[PDB]
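Order of writing sets the labels: A, B, C, D and E. Residues in every chain begin at 1.
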Amino acid sequence: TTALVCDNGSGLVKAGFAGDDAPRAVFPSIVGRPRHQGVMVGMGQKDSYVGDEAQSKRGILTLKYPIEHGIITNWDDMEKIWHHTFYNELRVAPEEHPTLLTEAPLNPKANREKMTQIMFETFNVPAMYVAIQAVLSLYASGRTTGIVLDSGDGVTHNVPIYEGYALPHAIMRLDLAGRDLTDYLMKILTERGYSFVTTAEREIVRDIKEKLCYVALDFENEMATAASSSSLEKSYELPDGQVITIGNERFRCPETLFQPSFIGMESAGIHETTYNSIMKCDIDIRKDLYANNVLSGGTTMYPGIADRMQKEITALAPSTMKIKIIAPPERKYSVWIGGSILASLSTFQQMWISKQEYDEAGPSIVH
Amino acid sequence: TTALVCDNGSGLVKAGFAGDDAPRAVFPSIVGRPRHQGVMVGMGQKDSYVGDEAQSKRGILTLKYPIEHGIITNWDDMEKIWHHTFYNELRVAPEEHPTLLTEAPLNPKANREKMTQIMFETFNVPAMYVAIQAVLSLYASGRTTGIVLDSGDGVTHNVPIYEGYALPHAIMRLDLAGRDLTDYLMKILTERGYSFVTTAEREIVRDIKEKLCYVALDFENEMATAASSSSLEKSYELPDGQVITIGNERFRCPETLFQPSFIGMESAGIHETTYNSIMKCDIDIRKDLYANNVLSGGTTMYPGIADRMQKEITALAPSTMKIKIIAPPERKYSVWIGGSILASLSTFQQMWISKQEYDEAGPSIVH
Amino acid sequence: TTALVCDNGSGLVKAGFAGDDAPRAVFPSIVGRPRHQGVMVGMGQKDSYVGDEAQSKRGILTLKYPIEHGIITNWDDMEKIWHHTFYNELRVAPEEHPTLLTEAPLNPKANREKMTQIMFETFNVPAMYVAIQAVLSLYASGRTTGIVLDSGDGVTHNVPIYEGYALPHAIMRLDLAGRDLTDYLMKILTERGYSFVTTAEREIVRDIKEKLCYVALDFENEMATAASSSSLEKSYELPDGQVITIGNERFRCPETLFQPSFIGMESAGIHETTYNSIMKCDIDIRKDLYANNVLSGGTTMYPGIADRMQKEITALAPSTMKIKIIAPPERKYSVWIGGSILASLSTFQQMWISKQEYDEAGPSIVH
Amino acid sequence: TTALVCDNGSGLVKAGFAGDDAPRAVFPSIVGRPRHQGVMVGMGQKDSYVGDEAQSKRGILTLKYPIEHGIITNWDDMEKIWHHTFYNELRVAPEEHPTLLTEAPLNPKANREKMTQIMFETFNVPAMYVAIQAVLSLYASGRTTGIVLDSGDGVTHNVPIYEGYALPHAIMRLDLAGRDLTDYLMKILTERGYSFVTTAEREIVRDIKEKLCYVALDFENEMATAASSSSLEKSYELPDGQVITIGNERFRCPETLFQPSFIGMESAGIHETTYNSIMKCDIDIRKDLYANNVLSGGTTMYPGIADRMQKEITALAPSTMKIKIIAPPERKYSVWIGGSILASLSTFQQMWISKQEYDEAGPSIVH
Amino acid sequence: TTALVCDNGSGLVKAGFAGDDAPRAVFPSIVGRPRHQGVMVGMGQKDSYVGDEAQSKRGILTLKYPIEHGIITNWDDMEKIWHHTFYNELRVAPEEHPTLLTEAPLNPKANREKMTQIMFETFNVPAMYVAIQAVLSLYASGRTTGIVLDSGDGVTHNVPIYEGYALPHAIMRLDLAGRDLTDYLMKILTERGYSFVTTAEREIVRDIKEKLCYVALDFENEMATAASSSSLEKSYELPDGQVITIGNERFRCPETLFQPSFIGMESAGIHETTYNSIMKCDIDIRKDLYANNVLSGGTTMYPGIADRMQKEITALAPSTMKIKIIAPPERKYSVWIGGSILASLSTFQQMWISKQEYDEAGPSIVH
């Protein structure tokens, strides 16, 4: 019987069988629709394109993320990505497998209740479960205690966890993520003269971000590099063949995580949110949380994140105590690994919500 | 066969085999229950935590003393601590050993009668005994005559004892103790800005009390120290990493024993209770009691107690006569030592209440 | 001109005009002082509270009996009660009236000599007299011969009196009384779990004593009632709203009068003191004393006293002769009635000590 | 000469002349600072905005409460609000008027001593006084006896008061208040999809709380209303023009006062704190306190508070006795009314601390 | 001394003295170069033609806009237009006057830094300033708050402005403008048979656009007019003498602003950009922005723009709130009027960048 683990974050769907080391199908959550009405006979006609296929044909298509800041914006688009994910990648009837789904904490009740309704009614699933991302990441680490910072494309979380358990009143979500940083890198990029207006080009600048951008230890040093131009300016090649040269924009893109005042948000940077999250927790456990702070997600991948963290949190907190930050490689797939490992635990099998227990007990029993 | 000596006071259980120099198992009488409902699979689940284990995880748990001012408040919690004490620390079937238990004087009949009922029915014990604390302390001193002041966490006693015998009409109990002094140090502590609201934090301030607080010879000198801040302010470190600095609060916490008007009680300080206890005794024996006044318990541990005693009692009593105060080191375990030594005496073995003599004669035969 | 009769016993002042059937002002001899220093503007400020007024506000005030076992402990407190008694209740300048005061027999010379000094110097009195309580009670009975047992709050007396006259060598005082019995009912009460530590609460347990407690004919029957719980347990309501249930404590409180070994006194019970008092008297008169034994005071009010007396004295004395005990209702005010009737006798008017005869003859002429 | 009464609580400053029925100037204690650096010439420039003015321009400004849980967090911000309060609203030189200031009980000594230092040195005041809030509320009621529950934005108190006087050992403070309830209504609000992240939006949700939220008699009935959606969902309009519909969130916001476990605090609800406060008081006075329990402050304004109180306290306390709760309309201004009435009393004029008596006697004489 | 205000947008240079009601010199930013090499002696020879002069001789000359979408494409052409603007129209040595220059927001840093370098080095200017267009338009309106839509020939902006200040993260630029609409009217025009291939003819079709084209309230009504040909077809005369008749092309040219899908751009129309700009602003201020939305520039001149705006924005936004659109006549010169009024303000004179402060501080100090 096994199980399917489906990590539905904005920007990437990671899906695959439980008990395995990595997800098999990893593709973007995009639903491409042709921008220009096309006059051929034979072509497509392909009214809708989905996932990596939409990535193949960006210059025709208007790309549309169905999921924004963790919240599902357009339901039938979502449904398309799931249907494509199941039959065209994993090759599987959902009626043969319980399915573990993922979601951000502190997220509107509509996402659980509609999600579950889709999975039972539209696909037919013998049982399923929807879990909090950060707990899955924490299982992937191999640890029971720690404060998780999960930064994906839609959303960034802090979830403190002590000896199992959890602290819901210290959970802190923040909308800063790969999508905000890509748009911020758009408008900062345009100051060199490089104009990326369209959805398709957004995905190009996502690529630039993913390769080139790094997090400076001290911002001022980056400013000095911008002042004298040596290793900081790097050449990147577009798909067209043009050459972009980016200097300070390389490192002032991800500086937004520490200084959200660059986007015009009053929310304190990710270091003050993690420290703030530690503050709201009981005086006893803070030492462990400081020692054990875990990183997950695509927007933790920027070289130089962990070191700046271990500067900034060490400047906020009392010096007397050790702040080890644990950011393991293969952290982008931490949530999916944790969904896998959780599905392979036998003590979890009682917790699946059954197709039957759903029809009789309602939508109210997902929580 | 030997025997088990179990010293059940509020705050600490001291237990071990008779005929030995110290108790082996010494842990707090706390029953931790998780405050926040924890979402993991595998964790615990550990609906109840007990003793030192509850101390390990204070920031999750709501700590609950099962015993308050010597009186047993919650019976099944007590039972848990005993069951944990026997099988998880002393490693012993109670059916192999007579068991000597302890209790404060002047204490409601419900504690003897329910206690004994638990020990015979729930654990099965071949015989047991429940003794008055101060008499046990007096055996530990190696002496037959003296007036015992036993200050534990729940309660403070004076028991005058002359040439063996006892004087029940001069026995005086007083609810001032480590628990009242910890709460008083809470609210006085909050005047520096340090806010300790929770049960877990109470145990932190118990730790502060145990290390830092001392009893001033004269209160006025302490006030002068508070006025010019030199040795009186000491730094203490929390488990978090924060630094607390406490000046006059160091010595005005235990001043409450001499001035219970700080808690709003009309009861005269411990020096006027000991002197008052001496007054109610026959004119013949007072000289011995004054010479031989013994100290026991955790709340006698504050540096500077004995000297202030030997000031204050010397100011109450007629000057013509010697007031020696005997406070031996290792006095916190005086009651347990006295239970040990008593269990090793052969002339005491007739006085055990037998499982058989209990079933036939009733609950009324504990007294 | 008339006269003032002032019955100053510990616990209650009974005062009023002579020639009248009862005292008008009857209130407790207490001097209330605020325990907690009060921050308002307007309140009181009322540094001292006295009498029934102090009874109105017990939970603020520390109550202090100025008179202990008949002996005056604190003089300026006494003075306060008298000054309040005169101007705030009887509404009278003491310079208009001779004043008859009361005192226990066998009582230190300081009480007569200081009392008289206060009445002449501080209040100004044209003449006064201080009388032995039991003689006043005997006048109240309407009889010339008898042995009086007067049990008040401070003290219990036996005074044998034959055909007028008196026998000073058979007068026997004993410190057992409402105050000792209230404290004894405190510590016996605490065995149900009911903890009354404070002066204010003492007055609550005085109330319990006054309503509920009775004197058992045979103690053993009371023990049997304690064994099977039927009419012996009665509900009493505190001022708070809590419910106290008291079983054997109802009747073993006043059993202390017959068995002072409950307080740890060697003094023989009130029945052996009355019998002993009869023994020290001349062989001729004993028959009358046995026939005519009179009761007075608040601590004679317990239902069942007279019958137990007429058991116990009948078991001590030779059976051949009638022991009638005379305990009239309205016996609590026997001493005050006797002071009234004595002040109305014309043959007594020569015996007043004049303000003038005092200044010239000294303090030595009170005796 | 008159006097100024200044009620400085977190969230609202109530100030005005003494002897008057209401405060004239009532505005929020906020210090607005522009978030985005503004490029105009002429604008403002207005580096700091204060009070109602900051409320006019929330979308530009970062709002900052200078006072948190009664404790002053940022001193120069405070100073700004006072300076604005005096010259821009009351129109008055402080050198013409003694000034009565307010503060929460049990509050760090730094607030009195720095406050007083500011008022004498920075403004110059001929004399001033700093009073405990609950006593002022109690004067406003027109009563001398009662237990005050004062819930403002920073903090909630219970202060029992008997016949004037006070009981400091029964005073109980609790950090639950309009500020905690607003943040709790934030995160519960976000489950409908309504995302309020910023300080400015916090003040919008404060407005929602103030209009719509009520306290349920029984929580379960509220749950039933949430289950079938009829009168419980109400429409509220934002300043933008969007429509928010809130159902169960209306009444489960203020349920936090009775169940602080919703915020993750172990502190017992406001009903168990008031009952607990009654318990620590002397047995004599509890009946009055139960009869006379007074309410004050903005966080007592929720419709349905008094009735739930008179359910819950009646379930804790012994049924035999009347629990009247007195919550007068115009209770939000109870503290300020009480400061007024106190300043108009002539017997209070001796208690002002003089500018002179301050310079000579120190900062230590505020207490 | 006064000042020069130079509004350099693509298509028209508006220049003149500050403190005046309109610009004196208004001519096209074109640099004409002869297409055919001309064989005469005496003619010209006039290797370069500039401005209105180039307009006089279009059929010989290749017209070349030096500035494209706000970005300066060819620097020495620009320089020519400035040099012609100064000496041949305004008649002025730039060394006598500070000069205020204009530029679009979000525009590459090269334009500020090179512009300033030209003005100081090539012309010599005692001081200058480069301002954001929309702020200048907002000063021209006489208002401090509003969201400006500035549509010129190169570029269209939305800049929201609140109470002075600004919101850089909500500023949105869009390349749709008179130049794109003229080319779109070219290719749509060619469907009647009218072939305009050349740069010179582009300026003819710009003229057609400026006179004849209007913005339809509803596009469908325009389609109906196209269907039955009555008032919608209008005759226009070319400079040659030929007659063009244009029906639906009159109104479907400017429909491109609302539907950029006509040019093949995915960018949402000007109504969704203005609404989107309102969305990114803080919830507090949106109402003002909706009330106060301002129009500026040549591509706002089409009759019927404001009404379609006040349809379309009213269909996007919540109906409950008033959307007034302010489009004043003489709005084409709004930016220049605002530059004038700003130069006449004395509080702005500190903000001029001095020739001296430039040489010492660098090119980096323009920002």
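As a working rule, a contact is a pair of C-beta atoms (placed from the backbone, for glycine too) under 8 Å apart; a residue touches a chain by one contact, two chains touch by 3 or more.
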Query = Given the pairs B-C, D-E or A-B, which one repeats the contacts seen at A-E for over half of the pairs?
reply = B-C
Ask   = If you tally the C-beta contacts for A-D and for C-D, which one comes out higher?
value = C-D
Message = For the identical-sequence pair chain B and chain C, what's the CA-based rotation angle in degrees, nearest 5?
response = 165
Request  = Go ahead and note the Å separation of the Cα centroids belonging to chain B and chain D.
outcome  = 42
Inquiry  = Nearest whole angstrom, what separates the Cα centre of chain C from the Cα centre of chain D?
reply    = 55
Message = Rounded to a whole Å, what is the gap between the Cα centroids of chain B and chain E?
response = 87
Note = Flagged in chain B as touching 2+ other chains are 36, 198, 264
Task = Using the contact definition from the top, classify how the chains connect: line, ring, star, complete or other.
result = other
Ask   = Taking the complex as given, what residues does chain B use to touch chain D?
value = 35-36, 62, 187, 190-193, 195, 197-199, 263-264
Inquiry  = Could you list, by residue number, the parts of chain D that touch chain C in their complex?
reply    = 132, 135, 144, 161-168, 281-287, 290, 317-321, 342, 345, 347-348, 351
Query = chain A touches which residues of chain B in the complex?
reply = 34, 36, 38-44, 57-60, 198, 200-201, 204, 237-243
Remark   = In the complex, chain E touches chain A at residues 71, 106, 108-110, 167-170, 175, 261, 264-267
